[PDB]
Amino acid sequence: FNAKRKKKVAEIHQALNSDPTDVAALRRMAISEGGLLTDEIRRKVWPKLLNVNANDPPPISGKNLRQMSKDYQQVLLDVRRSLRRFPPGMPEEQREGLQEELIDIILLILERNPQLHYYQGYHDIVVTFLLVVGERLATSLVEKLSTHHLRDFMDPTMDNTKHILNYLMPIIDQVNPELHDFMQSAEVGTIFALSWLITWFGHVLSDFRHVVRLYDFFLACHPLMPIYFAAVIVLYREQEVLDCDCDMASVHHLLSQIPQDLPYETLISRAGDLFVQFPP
């Protein structure tokens, strides 16, 4: 509704202009329907959700960032194969400048944080931020995300099948023991969910506008929330899975193929509920 949107926009403005900043009202707003509504609003709100300040604009990239980055060839390759992330209406020139900044953001964060290891798909998170909030803020926000919500993904000692994936099955079991037991016998594992988690579902929801609204939700929530969103998608598809061919090839095949037009607002609700009933 348009009356509701006007009220939500004024409530966001009231929260930004309060003392103290009413961050609690901003999480509520990010969690509730439509999330934060616009990128202009997100440029102000996302840094509050991650508790990052207007700060020393990241001690500049040193000179020769690219020349000293061992991951430059990998990052260049990943970024070049990411054109689909950009509005099809976006002029070629404008897009190629954003690709240049996307490379520099990733490389700068890696250089500032040598304990972090690049992974394929990281650029799907970084480009979303660059498109929403621009290059300086994308850098300081993603850096905060990289050292917290994404750290295990960027840790090569960390075994991603342990850790984050290890939550998915008990979650599904808590809510639907049949589906749990079914997927157990298919020996399907949890690897199917992994691409979703490390790219924050950029290839699960088609509409870029839906993806950014999901980032509102993830930024407002505890860092394990994406696993509950994965769980809720799997549970949504229960019938389709219970009608499957029961093996690691069938089960994988179906779940990996994402339905068009998922009810994201409903699934976002359900992920918050599930989070409450089976917390980390």
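From 1 onward, residues are counted along the sequence shown.
- Between 138 to 146 and 206 to 214, it is 206 to 214 that carries the larger average Cα temperature factor according to the deposited entry.
- Comparing 150 to 158 with 176 to 184, the higher mean C-alpha B-factor in the PDB entry belongs to 176 to 184.
- In this entry, the residue among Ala230, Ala30, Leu49, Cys246 with the greatest C-alpha B factor is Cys246.
- As recorded in the entry, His163 carries the highest CA temperature factor of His117, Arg112, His163, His123.
- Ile258: CA B factor lies in the highest third for its chain, per the PDB record.
- Among the modelled residues of its chain, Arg66 has a C-alpha B-factor that falls in the middle third, as given in the PDB entry.
- Among all modelled residues in its chain, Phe86 ranks in the highest third by Cα B-factor.
- Residue-level temperature factors show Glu92 in the highest third of its chain, judged at the C-alpha atom.
- The entry lists a Cα temperature factor for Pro58 that places it in the highest third of the chain's modelled residues.
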